[PDB]
Amino acid sequence: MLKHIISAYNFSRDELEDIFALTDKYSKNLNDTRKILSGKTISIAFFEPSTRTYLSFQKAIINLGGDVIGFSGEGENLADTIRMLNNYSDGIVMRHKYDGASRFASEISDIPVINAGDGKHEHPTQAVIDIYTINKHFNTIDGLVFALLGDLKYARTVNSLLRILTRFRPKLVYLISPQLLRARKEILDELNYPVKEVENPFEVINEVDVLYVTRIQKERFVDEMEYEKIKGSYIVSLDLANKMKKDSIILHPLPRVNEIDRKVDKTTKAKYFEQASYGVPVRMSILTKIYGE
Amino acid sequence: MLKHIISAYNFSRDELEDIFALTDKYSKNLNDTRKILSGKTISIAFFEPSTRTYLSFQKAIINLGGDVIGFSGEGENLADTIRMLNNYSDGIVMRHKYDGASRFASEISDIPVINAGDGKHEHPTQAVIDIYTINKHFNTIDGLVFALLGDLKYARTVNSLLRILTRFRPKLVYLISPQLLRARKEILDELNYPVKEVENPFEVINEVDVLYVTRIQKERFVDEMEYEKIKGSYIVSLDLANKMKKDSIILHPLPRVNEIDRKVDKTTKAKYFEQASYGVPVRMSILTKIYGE
Amino acid sequence: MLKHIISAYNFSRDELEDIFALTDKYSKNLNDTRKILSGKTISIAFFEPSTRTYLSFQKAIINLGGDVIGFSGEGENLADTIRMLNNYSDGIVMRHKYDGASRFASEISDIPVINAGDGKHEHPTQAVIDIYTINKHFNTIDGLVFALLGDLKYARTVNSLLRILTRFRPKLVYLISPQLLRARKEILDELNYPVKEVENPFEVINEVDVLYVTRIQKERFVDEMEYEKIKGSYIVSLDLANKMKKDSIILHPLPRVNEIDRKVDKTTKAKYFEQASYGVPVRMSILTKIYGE
Amino acid sequence: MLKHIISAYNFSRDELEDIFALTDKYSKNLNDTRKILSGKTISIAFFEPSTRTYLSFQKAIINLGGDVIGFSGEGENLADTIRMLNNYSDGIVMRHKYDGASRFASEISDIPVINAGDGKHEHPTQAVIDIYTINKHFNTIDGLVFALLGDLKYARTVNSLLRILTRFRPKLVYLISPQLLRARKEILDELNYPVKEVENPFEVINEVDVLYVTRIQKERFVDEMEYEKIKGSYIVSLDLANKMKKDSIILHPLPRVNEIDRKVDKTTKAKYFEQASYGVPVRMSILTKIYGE
Amino acid sequence: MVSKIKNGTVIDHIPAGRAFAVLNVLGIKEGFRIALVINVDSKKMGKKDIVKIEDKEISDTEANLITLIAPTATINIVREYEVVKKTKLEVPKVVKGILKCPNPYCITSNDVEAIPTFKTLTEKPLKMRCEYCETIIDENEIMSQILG
Amino acid sequence: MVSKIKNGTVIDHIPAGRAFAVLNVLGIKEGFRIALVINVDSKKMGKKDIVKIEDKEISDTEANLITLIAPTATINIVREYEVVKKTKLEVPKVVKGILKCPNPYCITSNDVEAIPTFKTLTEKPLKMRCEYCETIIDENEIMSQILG
Ligand SMILES: Nc1ccn([C@@H]2O[C@H](COP(=O)(O)OP(=O)(O)OP(=O)(O)O)[C@@H](O)[C@H]2O)c(=O)n1
Ligand SMILES: Nc1ccn([C@@H]2O[C@H](COP(=O)(O)OP(=O)(O)OP(=O)(O)O)[C@@H](O)[C@H]2O)c(=O)n1
Ligand SMILES: [Zn+2]
Ligand SMILES: [Zn+2]
């Protein structure tokens, strides 16, 4: 049974399908949802701040009848902090700048720990949200052709997405990044489905069902010139959008800065706003599997 | 009757025993605790941030049916701020960097003010937690032999502890600190029980029932060398622990940094984790005496 | 005739040999050196600070009877600054953070401009010092086997060295750097002698007459781990030194940090201290060709 | 013979008397002083800035026909820096934040090194200036009664003064400081003349021939209150001045902040301005013993 | 060159110079007798080191940690003067404590209680994986961590 | 418990557990055989350690450094199997390299080439003085630096 949510690997195909169904139920926002967190306190421990993900979980918990305590920002030990939250609460949702922080927390902790981001490692509940969105659109995840675009090296969401896909059967996952930001050999060796590294999206854009973008950041390249020379071709432009198949979708776990042309918003292919809107019901679902079964 | 909680002196021996009993009751965490703060709003005004103590009070209040508003961090007057909280709330729990801030607040305020720390002055609800822990372990506070270890000059918790002990009859309180961090003459003259200043713990460690540690900080000594020369002997080490009596306990109001060797954690003498776990029920108790009687 | 010293390309083979002879003369520090800068003021305009190179030129100028004015550090125009120095002085020695600053200065200026470093572009008088040292040791520059070790991408001294070598006939120049810090295609296409890019020095160390090292800096790589994984093999260690031919030399334009093991200092192969000691007489020489012929 | 000037211990009684005579000569500022530094370059390497002492040495060197190069302020090695100055110059005057920097420099260096201040260790040429002033006034140093007032723990000038006095026969040296800033046991054990530690100057002020003051700084005490409680009695006030013997003198190696009441300036006992005015001729003298004999 | 042991563990066939690292690997550096010989002759290896620990029998778990720096090594358990056991050294599945994670952002590189933990990924060319952050280390990084 | 040595140095009567520190003190940790026994019986000391270094004769200078952590120690120089010399251990006048200066502002604490140097001030109660900054260290600070 689900307890700690630390890796996308924590989920089986069975648990995901269950979660999709519960998400469908919680989406059609009836006013009689079962208050499975009634009399329970979840702590939201965002050592590394993120207000979008903070609020998503809080709303999820509120919808389920839970009370919320937490903190955002700011030499005490992670271990000691985790022991403290165990006095105060019945589950912890944490985001942290150090890789493996959630795994370690879950080892110290008696109450469930949910990883809302650990360094550049994983963001497993995002991956659940991502594939729920895809599964909603295509009525399948199996057999789809994916393209990951942008930074594929330092993006926990990419990591969590690649790993969660291994519970399914994708036809192909294209990995479109500059040379510098390629998925780590380590991660690719875990995978059990066809992958193909490519540098320019226009070469394959016509094939993809799902285009998933992440931001590339200047403060990463050898010098500022390389970035400037490379950046313009990992932007989702209106032209790139128009070259996609009719039934294709564009995803992005927010926030965006400038990596998506805002004109894309108005095309029917843009799915990133719908993606963010499932954040709450999906996380309601995950919480329901942890505490309500 | 209890109203403002500003000093450990606010408590009588009678009120403390009552609080211990209520703490015992709230500890055995029944789901039918009386919601004495129902329809009431407590504001948590942490001008000086502390997340551990913030969350402790919030949980206490939640457990009692109260609503929580508050702030942590950040040229308005303390007085004006206190007047504002009186519009918004039915009690204030404040922590502040200025000594006497709680006393002054309680003079401006109609609603109860609870001191969660005022400069280097006091931390009275911590002292209640400290002695509750001791009384739980030994079934008494009278007749015990104490040793305060670390910084005994600038530690509000030490101050509050020394003052609260005067409602009891300790056999002896050892004051083990470097020369620089001795309890202030002012404070020691208030006391009504034997005290003895000493510099090295191993000289008396065999006698103490309760060892209570605080951190010594570099940014205090004449130069960085003195600190480095003195610091290693106010650390609670495994060796010091092993030299304590079988039935003795080690306390520390968290957070710790490095002043306790982490191997101590695994000995049965370590009581600082149990100490932190009474934070909520003890503060529930104090709130119950203020609003529920 | 020599006037502006902006690129290593400003020198012909003839001018270099002349400079070597004058350097030999000025080295044997007679007290009757001709005061060719008597009644002249050279300004030392170090917009980007460097005290080693500042002092080197100043001493050179002093030895030649010149007066020195200048500045080091600190929205006025470069052009306007250059116009100002033309009021005050008879030559300018400048170091600047912007590439091409010396070239531009020399276009605005009537008086000679000497480039003591322009961004990551060139450091031409260093290259003169470097080859003078080599020519002193081997009685030749032609036919030697070189190895450049460390950062070969962002090092003006490397740039100036590679370009100055084209007035000679090196047997081979090995380019030993991590993949990231390879000499720029642009620069390599200028060259008229065999070059060979290699990643590990121990593969070829046995062949080199001249080993020339530059520092690799963390703040350049994809992440801090790559640097840490790569850095230890571009360090000149005692082992690498011992593997060099008996008559071989190790050069480095100072300062060093940790890129040379300090035990190397005591071997007869270490030539970087001798290299720095020719700084003055070489620059005396260059000044002599500009003003004394 | 004098070469490196690193400690007040470098001077014998004989060398000091010689220096006093040369200072007398250079004081009566004749325009035919022998240019003993003609054709020589002294470098002034002030790693830790001080403009007063910088300018003093520079003027000394100028008066003696020397050329001056140097720097003030701003990961190169001290050793490497010292090796560089040896290329460029014939002597080094250095001030540095690290104790023992001058001693180490003088070990690396072939040319003379003069310590113009090394951390909190020594300032030996100041001590020469101090005793020259005293000897000028009283025609003796032997048999005088001294009082050191202010910070006697972290003041290199005090250190250098105490050590230089051991070449003489003081009747008594009073050490007047707050408890916290007492001369170090280490230093006092070196001394060969009566010393007496005292806390308040008015207790002994009537006996002293020479009152030598240093500043006490806030950023040193246990807390800001202690400083404020102690500071007002290590100030040289008009009252303290008036209580001194008719023929007594007040010294201070500048700069001052507020540790001397400015009304003292107008009394005939104030000697700190005369003290600073011997800086040049005294340092001329020291240079003369190093290079002109 | 060192006398025989009445009861305990003999670790023979350590590469020359590496005995000190073996003891570190084992956490030994108190009470019980220890003998080392360093740089002694070895017919099959040229030079070797031998470690002898009285009154302690190293487990197969403790023992496998040795293979990280001394895969040639042989472990003998000694009782009453007789060698009662000659352990088969294997590459350990998990390494807790001995190896640090090169990732400065790894939780194990920051929290004192977060003890570094590596799981062997392949024995073949030896690659190990940090269980917290997934960073991979090779035999080089491993040996340069323990040996120097 | 370790065999006799044909040629070299035997350092006997080291306090129990301190042999490793003796080797550090000597800069030894290559080529030549070394033997240690740790925690062996000693009639006069209860327990002791013995170090044996083949083919090296420790000088009176090197030897005196041992007195800092093993003042009881006895140094035997061995040739052809015969002990040809039994050194009188003395408190060394100067200690270069082994001990660091506790003053963070000492030049020896900042410049890699500035090697820490202590001059013995009194042997009696052992006090040493940093030659650069005059900081004083006692036997405690000395032993806690080398032993741990
Ligand atoms: N009571 C014992 C038995 C043996 N040993 C040591 O432990 C190893 C014992 O292995 P053993 O079977 O006795 O000798 P070998 O057969 O030669 O060992 P191997 O085949 O593994 O090389 C030898 O290094 C020996 O010095 C010991 O110290 N004490
Ligand atoms: N060829 C030798 C000679 C002796 N030793 C060792 O070095 C010390 C030699 O001291 P020795 O004079 O032979 O014995 P003792 O007289 O007992 O030594 P001491 O009086 O100093 O205790 C002993 O520990 C012995 O084991 C050795 O290893 N090789
Ligand atoms: Zn890791
Ligand atoms: Zn020192």
# chains A, B, ... in the order shown; residues from 1 in each chain; ligands from 1

$ residues_near_ligand --ligand "ligand 4" --cutoff "6 Å" --atoms "only C-alpha atoms and all ligand atoms" --output "compact mmCIF listing (two decimals) with N, CA and C atoms, in the first residue's frame"
# COMPACT_ATOMS: atom_id res chain seq x y z
N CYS F 101 49.12 25.76 14.36
CA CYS F 101 48.91 26.86 15.28
C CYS F 101 47.42 27.12 15.45
N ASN F 103 46.01 29.75 16.43
CA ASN F 103 45.65 31.11 16.00
C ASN F 103 45.20 31.17 14.53
N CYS F 106 47.33 33.40 12.45
CA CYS F 106 48.73 33.08 12.25
C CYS F 106 48.97 32.85 10.79
N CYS F 130 54.53 29.25 19.35
CA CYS F 130 54.57 29.47 17.89
C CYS F 130 55.59 30.55 17.57
N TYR F 132 55.99 32.35 14.99
CA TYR F 132 55.51 33.43 14.15
C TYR F 132 54.64 34.40 14.92
N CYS F 133 53.71 33.88 15.72
CA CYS F 133 52.71 34.71 16.37
C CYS F 133 52.77 34.66 17.90
N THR F 135 51.77 32.44 19.99
CA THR F 135 50.75 31.65 20.68
C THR F 135 51.39 30.46 21.41

$ interface_residues --of "chain F" --to "chain E" --cutoff "6 Å" --atoms "only C-alpha atoms" --output "number ranges by chain"
F: 1-3, 33-40

$ atom_distance --atom1 "CA of residue 240 (chain A)" --atom2 "CA of residue 259 (chain A)"
12.3 Å

$ residues_near_ligand --ligand "ligand 2" --cutoff "6 Å" --atoms "only C-alpha atoms and all ligand atoms" --output "MDAnalysis selection string"
chainID F and resid 4:6 10 12 78 81:83

$ residues_near_ligand --ligand "ligand 3" --cutoff "12 Å" --atoms "only C-alpha atoms and all ligand atoms" --output "PDB file with N, CA and C atoms, in the first residue's frame"
ATOM      1  N   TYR A  98      18.109  19.699  -1.236  1.00  0.00           N
ATOM      2  CA  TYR A  98      19.078  18.595  -1.278  1.00  0.00           C
ATOM      3  C   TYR A  98      18.497  17.316  -1.877  1.00  0.00           C
ATOM      4  N   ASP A  99      19.210  16.711  -2.829  1.00  0.00           N
ATOM      5  CA  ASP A  99      18.766  15.446  -3.426  1.00  0.00           C
ATOM      6  C   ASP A  99      18.713  14.362  -2.363  1.00  0.00           C
ATOM      7  N   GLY A 100      17.608  13.623  -2.348  1.00  0.00           N
ATOM      8  CA  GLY A 100      17.431  12.500  -1.453  1.00  0.00           C
ATOM      9  C   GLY A 100      16.856  12.935  -0.125  1.00  0.00           C
ATOM     10  N   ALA A 101      16.420  14.195  -0.022  1.00  0.00           N
ATOM     11  CA  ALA A 101      15.982  14.700   1.276  1.00  0.00           C
ATOM     12  C   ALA A 101      14.708  13.993   1.720  1.00  0.00           C
ATOM     13  N   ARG A 103      13.656  10.938   0.714  1.00  0.00           N
ATOM     14  CA  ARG A 103      13.984   9.559   1.046  1.00  0.00           C
ATOM     15  C   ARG A 103      14.500   9.456   2.502  1.00  0.00           C
ATOM     16  N   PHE A 104      15.445  10.323   2.862  1.00  0.00           N
ATOM     17  CA  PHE A 104      15.987  10.335   4.206  1.00  0.00           C
ATOM     18  C   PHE A 104      14.896  10.676   5.224  1.00  0.00           C
ATOM     19  N   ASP A 118      12.839  17.302  -4.436  1.00  0.00           N
ATOM     20  CA  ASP A 118      14.083  17.150  -3.699  1.00  0.00           C
ATOM     21  C   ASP A 118      15.275  17.447  -4.631  1.00  0.00           C
ATOM     22  N   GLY A 119      15.899  18.608  -4.435  1.00  0.00           N
ATOM     23  CA  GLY A 119      16.980  19.070  -5.288  1.00  0.00           C
ATOM     24  C   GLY A 119      16.659  18.983  -6.771  1.00  0.00           C
ATOM     25  N   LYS A 120      17.509  18.275  -7.506  1.00  0.00           N
ATOM     26  CA  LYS A 120      17.325  18.084  -8.935  1.00  0.00           C
ATOM     27  C   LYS A 120      16.966  16.635  -9.182  1.00  0.00           C
ATOM     28  N   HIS A 121      16.564  15.970  -8.113  1.00  0.00           N
ATOM     29  CA  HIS A 121      16.267  14.547  -8.145  1.00  0.00           C
ATOM     30  C   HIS A 121      14.891  14.209  -8.743  1.00  0.00           C
TER      31      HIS A 121
ATOM     32  N   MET C 225      30.486  19.150  -9.677  1.00  0.00           N
ATOM     33  CA  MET C 225      30.973  17.785  -9.715  1.00  0.00           C
ATOM     34  C   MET C 225      31.918  17.502 -10.885  1.00  0.00           C
TER      35      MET C 225
ATOM     36  N   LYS E  96      27.528   1.345   3.448  1.00  0.00           N
ATOM     37  CA  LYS E  96      27.003   2.366   4.315  1.00  0.00           C
ATOM     38  C   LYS E  96      28.152   2.894   5.145  1.00  0.00           C
ATOM     39  N   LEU E  99      31.993   5.202   2.173  1.00  0.00           N
ATOM     40  CA  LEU E  99      32.156   6.074   1.004  1.00  0.00           C
ATOM     41  C   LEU E  99      31.249   7.280   1.095  1.00  0.00           C
ATOM     42  N   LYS E 100      31.781   8.456   0.791  1.00  0.00           N
ATOM     43  CA  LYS E 100      30.995   9.680   0.721  1.00  0.00           C
ATOM     44  C   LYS E 100      30.422   9.903  -0.690  1.00  0.00           C
ATOM     45  N   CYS E 101      29.367  10.704  -0.788  1.00  0.00           N
ATOM     46  CA  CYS E 101      28.785  11.011  -2.082  1.00  0.00           C
ATOM     47  C   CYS E 101      29.428  12.273  -2.652  1.00  0.00           C
ATOM     48  N   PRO E 102      29.963  12.179  -3.883  1.00  0.00           N
ATOM     49  CA  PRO E 102      30.574  13.372  -4.504  1.00  0.00           C
ATOM     50  C   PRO E 102      29.582  14.495  -4.808  1.00  0.00           C
ATOM     51  N   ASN E 103      28.279  14.211  -4.832  1.00  0.00           N
ATOM     52  CA  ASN E 103      27.284  15.272  -5.045  1.00  0.00           C
ATOM     53  C   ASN E 103      27.166  16.221  -3.837  1.00  0.00           C
ATOM     54  N   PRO E 104      27.636  17.480  -3.981  1.00  0.00           N
ATOM     55  CA  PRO E 104      27.581  18.387  -2.837  1.00  0.00           C
ATOM     56  C   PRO E 104      26.146  18.669  -2.381  1.00  0.00           C
ATOM     57  N   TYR E 105      25.174  18.403  -3.253  1.00  0.00           N
ATOM     58  CA  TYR E 105      23.755  18.632  -2.965  1.00  0.00           C
ATOM     59  C   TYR E 105      23.049  17.411  -2.418  1.00  0.00           C
ATOM     60  N   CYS E 106      23.750  16.281  -2.362  1.00  0.00           N
ATOM     61  CA  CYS E 106      23.205  15.082  -1.762  1.00  0.00           C
ATOM     62  C   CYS E 106      22.944  15.341  -0.302  1.00  0.00           C
ATOM     63  N   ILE E 107      21.767  14.920   0.157  1.00  0.00           N
ATOM     64  CA  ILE E 107      21.416  14.997   1.558  1.00  0.00           C
ATOM     65  C   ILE E 107      22.488  14.354   2.479  1.00  0.00           C
ATOM     66  N   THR E 108      23.087  13.248   2.025  1.00  0.00           N
ATOM     67  CA  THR E 108      24.167  12.590   2.759  1.00  0.00           C
ATOM     68  C   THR E 108      25.442  13.446   2.894  1.00  0.00           C
ATOM     69  N   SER E 109      25.550  14.510   2.090  1.00  0.00           N
ATOM     70  CA  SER E 109      26.697  15.442   2.149  1.00  0.00           C
ATOM     71  C   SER E 109      26.397  16.642   3.046  1.00  0.00           C
ATOM     72  N   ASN E 110      25.248  16.633   3.713  1.00  0.00           N
ATOM     73  CA  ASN E 110      24.825  17.813   4.457  1.00  0.00           C
ATOM     74  C   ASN E 110      24.265  17.509   5.849  1.00  0.00           C
ATOM     75  N   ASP E 111      23.512  16.424   5.965  1.00  0.00           N
ATOM     76  CA  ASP E 111      22.952  16.072   7.243  1.00  0.00           C
ATOM     77  C   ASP E 111      23.855  15.021   7.888  1.00  0.00           C
ATOM     78  N   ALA E 114      22.488  11.750   8.061  1.00  0.00           N
ATOM     79  CA  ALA E 114      22.191  11.159   6.785  1.00  0.00           C
ATOM     80  C   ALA E 114      23.435  10.426   6.278  1.00  0.00           C
ATOM     81  N   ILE E 115      23.534   9.152   6.619  1.00  0.00           N
ATOM     82  CA  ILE E 115      24.730   8.379   6.350  1.00  0.00           C
ATOM     83  C   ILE E 115      24.829   7.901   4.892  1.00  0.00           C
ATOM     84  N   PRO E 116      25.925   8.284   4.214  1.00  0.00           N
ATOM     85  CA  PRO E 116      26.140   7.916   2.813  1.00  0.00           C
ATOM     86  C   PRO E 116      25.935   6.412   2.569  1.00  0.00           C
ATOM     87  N   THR E 117      25.248   6.071   1.485  1.00  0.00           N
ATOM     88  CA  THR E 117      24.873   4.693   1.232  1.00  0.00           C
ATOM     89  C   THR E 117      24.928   4.424  -0.259  1.00  0.00           C
ATOM     90  N   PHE E 118      25.725   3.437  -0.639  1.00  0.00           N
ATOM     91  CA  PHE E 118      25.897   3.096  -2.042  1.00  0.00           C
ATOM     92  C   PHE E 118      25.494   1.656  -2.289  1.00  0.00           C
ATOM     93  N   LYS E 119      24.765   1.446  -3.375  1.00  0.00           N
ATOM     94  CA  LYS E 119      24.342   0.129  -3.786  1.00  0.00           C
ATOM     95  C   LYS E 119      25.143  -0.191  -5.039  1.00  0.00           C
ATOM     96  N   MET E 128      29.028   1.892  -8.511  1.00  0.00           N
ATOM     97  CA  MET E 128      28.087   1.951  -7.387  1.00  0.00           C
ATOM     98  C   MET E 128      27.218   3.194  -7.488  1.00  0.00           C
ATOM     99  N   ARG E 129      26.022   3.112  -6.916  1.00  0.00           N
ATOM    100  CA  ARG E 129      25.031   4.168  -7.042  1.00  0.00           C
ATOM    101  C   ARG E 129      24.590   4.666  -5.678  1.00  0.00           C
ATOM    102  N   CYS E 130      24.651   5.977  -5.456  1.00  0.00           N
ATOM    103  CA  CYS E 130      24.140   6.593  -4.217  1.00  0.00           C
ATOM    104  C   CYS E 130      22.639   6.369  -4.122  1.00  0.00           C
ATOM    105  N   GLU E 131      22.179   5.828  -2.997  1.00  0.00           N
ATOM    106  CA  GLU E 131      20.760   5.469  -2.852  1.00  0.00           C
ATOM    107  C   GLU E 131      19.834   6.655  -2.650  1.00  0.00           C
ATOM    108  N   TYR E 132      20.416   7.826  -2.398  1.00  0.00           N
ATOM    109  CA  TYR E 132      19.626   9.020  -2.154  1.00  0.00           C
ATOM    110  C   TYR E 132      19.472   9.870  -3.402  1.00  0.00           C
ATOM    111  N   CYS E 133      20.573  10.082  -4.119  1.00  0.00           N
ATOM    112  CA  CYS E 133      20.589  11.017  -5.240  1.00  0.00           C
ATOM    113  C   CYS E 133      20.923  10.358  -6.580  1.00  0.00           C
ATOM    114  N   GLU E 134      21.257   9.068  -6.568  1.00  0.00           N
ATOM    115  CA  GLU E 134      21.506   8.306  -7.802  1.00  0.00           C
ATOM    116  C   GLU E 134      22.848   8.612  -8.473  1.00  0.00           C
ATOM    117  N   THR E 135      23.716   9.389  -7.830  1.00  0.00           N
ATOM    118  CA  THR E 135      25.055   9.604  -8.372  1.00  0.00           C
ATOM    119  C   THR E 135      25.826   8.278  -8.434  1.00  0.00           C
ATOM    120  N   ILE E 136      26.565   8.100  -9.528  1.00  0.00           N
ATOM    121  CA  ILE E 136      27.318   6.878  -9.773  1.00  0.00           C
ATOM    122  C   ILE E 136      28.793   7.111  -9.500  1.00  0.00           C
ATOM    123  N   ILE E 137      29.424   6.172  -8.804  1.00  0.00           N
ATOM    124  CA  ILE E 137      30.871   6.213  -8.632  1.00  0.00           C
ATOM    125  C   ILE E 137      31.542   4.954  -9.165  1.00  0.00           C
TER     126      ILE E 137
END

$ residues_around --residues "residue 60 (chain F)" --least-positions-apart "4" --cutoff "10 Å" --atoms "only C-alpha atoms" --output "list in words"
residues 64, 65, 75, 87, 88, 89, 90 and 92 of chain F

$ write_last_selection --atoms "N, CA, C and O atoms" --output "mmCIF file, in the first residue's frame"
data_model
loop_
_atom_site.group_PDB
_atom_site.id
_atom_site.type_symbol
_atom_site.label_atom_id
_atom_site.label_comp_id
_atom_site.auth_asym_id
_atom_site.auth_seq_id
_atom_site.Cartn_x
_atom_site.Cartn_y
_atom_site.Cartn_z
ATOM 1 N N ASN F 64 63.217 12.329 18.885
ATOM 2 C CA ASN F 64 62.683 13.263 19.876
ATOM 3 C C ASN F 64 61.244 13.720 19.603
ATOM 4 O O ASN F 64 60.507 14.024 20.543
ATOM 5 N N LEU F 65 60.838 13.764 18.334
ATOM 6 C CA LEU F 65 59.435 14.040 18.008
ATOM 7 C C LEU F 65 58.461 13.042 18.649
ATOM 8 O O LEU F 65 57.315 13.387 18.943
ATOM 9 N N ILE F 75 63.973 3.728 22.022
ATOM 10 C CA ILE F 75 64.331 3.639 20.630
ATOM 11 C C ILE F 75 65.583 2.771 20.537
ATOM 12 O O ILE F 75 66.592 3.055 21.165
ATOM 13 N N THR F 87 68.853 4.970 22.288
ATOM 14 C CA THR F 87 68.680 6.428 22.361
ATOM 15 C C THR F 87 68.032 6.988 23.634
ATOM 16 O O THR F 87 67.034 6.443 24.129
ATOM 17 N N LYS F 88 68.597 8.087 24.151
ATOM 18 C CA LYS F 88 67.949 8.845 25.234
ATOM 19 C C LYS F 88 66.981 9.857 24.622
ATOM 20 O O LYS F 88 67.409 10.873 24.048
ATOM 21 N N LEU F 89 65.683 9.561 24.731
ATOM 22 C CA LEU F 89 64.634 10.475 24.262
ATOM 23 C C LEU F 89 64.577 11.778 25.062
ATOM 24 O O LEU F 89 64.517 11.768 26.291
ATOM 25 N N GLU F 90 64.601 12.898 24.346
ATOM 26 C CA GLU F 90 64.505 14.217 24.955
ATOM 27 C C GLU F 90 63.387 15.015 24.316
ATOM 28 O O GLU F 90 62.972 14.730 23.198
ATOM 29 N N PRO F 92 62.011 17.734 22.205
ATOM 30 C CA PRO F 92 62.679 18.437 21.101
ATOM 31 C C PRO F 92 62.570 19.949 21.264
ATOM 32 O O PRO F 92 61.553 20.440 21.761
#

$ residues_around --residues "residue 138 (chain A)" --least-positions-apart "4" --cutoff "9 Å" --atoms "only C-alpha atoms" --output "list in words"
residues 133, 134, 144, 209, 247 and 248 of chain A

$ closest_atom_pairs --of "chain C" --to "chain A" --cutoff "12 Å" --atoms "only C-alpha atoms" --output "Markdown table"
| residue | atom | partner | partner_atom | distance |
| --- | --- | --- | --- | --- |
| C:120 | CA | A:223 | CA | 11.9 |
| C:153 | CA | A:222 | CA | 10.3 |
| C:154 | CA | A:223 | CA | 10.0 |
| C:179 | CA | A:222 | CA | 11.3 |
| C:180 | CA | A:222 | CA | 7.6 |
| C:181 | CA | A:222 | CA | 8.8 |
| C:182 | CA | A:222 | CA | 11.5 |
| C:217 | CA | A:222 | CA | 11.4 |
| C:218 | CA | A:222 | CA | 10.8 |
| C:219 | CA | A:222 | CA | 8.9 |
| C:220 | CA | A:222 | CA | 5.5 |
| C:221 | CA | A:222 | CA | 6.2 |
| C:222 | CA | A:220 | CA | 5.5 |
| C:223 | CA | A:220 | CA | 7.4 |
| C:224 | CA | A:220 | CA | 10.6 |

$ select_by_dssp --residues "region 49-249 of chain A" --states "strand (DSSP E)" --output "PyMOL selection string"
chain A and resi 67-72+91-96+113-118+145-149+172-176+195-198+210-213+249

$ residues_around --residues "residue 59 (chain C)" --least-positions-apart "5" --cutoff "8 Å" --atoms "only C-alpha atoms" --output "compact mmCIF listing (two decimals) with C-alpha atoms, in the first residue's frame"
# COMPACT_ATOMS: atom_id res chain seq x y z
CA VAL C 280 60.97 43.78 -16.30
CA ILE D 69 56.46 51.13 -5.92
CA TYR D 88 61.04 44.34 -8.61

$ residues_around --residues "residue 148 (chain C)" --least-positions-apart "4" --cutoff "8 Å" --atoms "only C-alpha atoms" --output "PyMOL selection string"
chain C and resi 152+158+173-177+211-214

$ select_by_dssp --residues "region 53-146 of chain E" --states "alpha helix (DSSP H)" --output "PyMOL selection string"
chain E and resi 60-64+139-146

$ interface_residues --of "chain A" --to "chain E" --cutoff "12 Å" --atoms "only C-alpha atoms" --output "PyMOL selection string"
chain A and resi 6-7+75-82+96-108+118-122+156+159+184-190

$ residues_around --residues "residue 49 (chain C)" --least-positions-apart "4" --cutoff "8 Å" --atoms "only C-alpha atoms" --output "MDAnalysis selection string"
chainID C and resid 72:73 95

$ atom_distance --atom1 "CA of residue 139 (chain F)" --atom2 "CA of residue 126 (chain F)"
5.6 Å

$ atom_distance --atom1 "CA of residue 41 (chain B)" --atom2 "CA of residue 83 (chain A)"
27.9 Å

$ closest_residue --among "D:183, D:286, D:21, D:210" --to "residue 3 (chain D)" --atoms "only C-alpha atoms"
D:286
